[PDB]
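Numbering (the authors' numbering), first residue to last: 90 to 141.
Next up, the structure:
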């Protein structure tokens, strides 16, 4: 199933990618986040990691 807990570095990637491409497009972000699927990438953001 899902790997170990989210890391600051892992989150850093999502933050950058979301700033680059923009919100949504979790399919694209997931392809970079080789560890978390679109669902997890979406959750991580639509929970606590929501600066923007």
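Using N, Cα and C, we set each Cβ at its ideal position, and we do this for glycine too.
- Here residue 127 carries a helix assignment [DSSP, helix/strand/coil].
- Under the three-state reduction of DSSP output, residue 114 falls in the coil class, being neither helix nor strand.
- Boundaries of the alpha helix (DSSP H) around residue 106: 97-109.
- Residue burial is scored here from C-beta neighbours: residue 126 has fewer than 16 other C-beta atoms within 10 angstroms and is therefore classed as exposed.
- For the options 133, 111, 132, 106, the alpha carbon positioned closest to that of residue 120 is the one of 106.
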